[PDB]
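I have placed the structure first, in the form of structure tokens, so that the comments after it can refer back to it.
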Amino acid sequence: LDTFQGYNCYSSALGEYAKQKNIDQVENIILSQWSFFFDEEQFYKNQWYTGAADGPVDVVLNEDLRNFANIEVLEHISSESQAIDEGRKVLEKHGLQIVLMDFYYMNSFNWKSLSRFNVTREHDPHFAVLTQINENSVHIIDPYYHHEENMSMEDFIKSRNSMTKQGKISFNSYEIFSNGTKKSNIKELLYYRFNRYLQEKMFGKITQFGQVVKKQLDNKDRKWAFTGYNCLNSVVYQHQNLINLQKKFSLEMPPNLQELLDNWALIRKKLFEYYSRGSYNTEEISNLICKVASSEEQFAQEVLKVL
């Protein structure tokens with residue numbers, strides 16, 4: 003499907019909804035996001051420990067939508083019967099519902115396409131868009147994976163009432179609400195993001211990530227490298243989104259944005275190779291991460307100068 007990518011499953015679902023329903027500003031605020039996080043506690047619990055944002059909800063993106071556009075994303079929690087009744091009403095009125103689902107029950111990505119034949123289903127929350135409630139069946143779009151599927155009502159209900167690695171899903175649905183959308187300049191959005199990135203020293207979290215990778219030399223458990231691989235797609239997407247904005251709005255950028263994208267893509271390839279035991283190279287991966295940390299710090303400083 004030709005769905006909006008965003009930079010994570012949440013921003014993908016919000017932007018796809020905004021595109022289909024003509025909600026102003028959402029897409030611009032997503033495409034201009036610039037963020038990095040690292041959580042050492044989540045690393046050792048093999049939770050989603052790095053990338054653009056702590057998930058599944060990007061609460062920083064929510065703050066940006068509220069502050070810049072007067073858009074609130076309201077979380078609805080109800081019992082099973084009420085949640086499906088509310089879905090039917092939302093589909094009748096709007097034709098789409100943003101729902102939090104356990105990816106365990108979804109079929110959005112074929113790892114066999116990357117020669118990975120042994121990937122287990124895990125209980126991880128994932129954002130999707132419900133489009134239809136049929137007879138003992140629902141239709142969902144997974145905009146992040148450009149995928150749609152038909153699911154049994156029993157599987158849909160299980161997926162929405164599941165204990166996951168990131169917490170308990172309880173039929174959570176997400177309403178994009180505005181009393182009145184307010185308009186922002188793309189440079190204002192980027193300046194605020196790059197200034198925040200430097201003030202919170204988000205590049206320092208890249209360094210921390212690299213330092214923790216170096217320490218996994220003697221760790222026989224390589225699951226962290228698969229988790230890291232998936233987590234860092236959000237950073238690749240933010241870099242691609244900034245390149246897209248540069249073209250759409252004729253922006254001045256530092257000249258190494260494509261090179262930074264390429265360095266993140268290389269870190270992902272090295273993590274994936276290490277996960278599948280094609281290498282024994284934690285030091286090399288740590289070094290690439292710590293090098294990109296310095297490059298990203300310099301890049302953010304240069305964006306504020308040239309934008």
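Going letter by letter, the sequence shown gives residues 3 to 309 in the authors' numbering.
Here a beta-carbon is modelled for each residue, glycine too, at the ideal position from N, C-alpha and C.
Per DSSP, what kind of secondary structure is residue i in: helix, strand or coil?
i	result
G169	strand
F40	strand
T5	coil
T122	coil
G212	helix
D87	helix
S161	helix
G280	coil
In the DSSP assignment, the beta strand (DSSP E) including residue i goes from what residue to what residue?
i	result
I143	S139 to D144
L102	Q99 to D104
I135	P127 to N136
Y176	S175 to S180
Leaving out the 5 sequence neighbours to the left and right, which residues in its chain are closer than 8 Å to residue i when beta-carbon positions are compared?
i	result
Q248	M255 and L259
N197	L306
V308	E254, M255 and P256
For a test of your reading of the model: does the CB of residue i fall under 8 Å from any non-hydrogen atom of the ligand FAD? Yes or no.
i	result
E261	With respect to the ligand FAD, the structure shown offers nothing to examine, as it has no ligands at all.
DSSP beta-bridge partners for residue i?
i	result
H78	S175
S154	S139
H149	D144
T52	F40
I73	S180
Grab me the residues of residue i's own chain with a C-beta within less than 6 Å of its C-beta, minus the 5 sequence neighbours each way, in chain order.
i	result
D144	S110 and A130
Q27	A71 and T183
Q218	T284
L33	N243 and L247
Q134	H141
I287	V215 and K272
Could you spell out the range, first to last residue, of the alpha helix (DSSP H) harbouring residue i?
i	result
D264	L259 to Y277
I32	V28 to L33
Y12	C11 to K23
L200	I188 to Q201
residue 1	It is not possible to answer for residue 1, since the shown part of the chain is limited to 3 through 309.
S236	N235 to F251
Kindly list the residues whose CB is nearer than 7 Å to the CB of residue i, restricted to its own chain and excluding five residues on each side of it in sequence; keep chain order.
i	result
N181	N72
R90	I135
Is the stretch 239–247 touching the stretch 199–217, taking contact as three or more C-beta pairs under 8 Å? no
contact_flag[the stretch 122–137, the stretch 7–15] where n(CB pairs < 8 Å) is 3 or more: yes
Between the stretch 157–177 and the stretch 97–108, can you find at least three pairs of beta-carbon atoms closer than 8 Å? yes
Any contact between the stretch 185–202 and the stretch 24–41? By contact I mean 3 or more CB pairs, one from each, below 8 Å. yes
Say whether the stretch 69–89 touches the stretch 270–290, bearing in mind that this needs 3 or more beta-carbon pairs closer than 8 Å, one atom from each stretch. Short answer: they don't touch.
Can you confirm whether the stretch 48–56 touches the stretch 146–160 when touching is taken to mean that 3 or more C-beta pairs between the two stretches lie within less than 8 Å? No: fewer than three Cβ pairs fall under 8 Å.
Count the C-beta pairs between the stretch 67–82 and the stretch 108–123 that are closer than 8 Å, then say yes if the count reaches three, no if not. no
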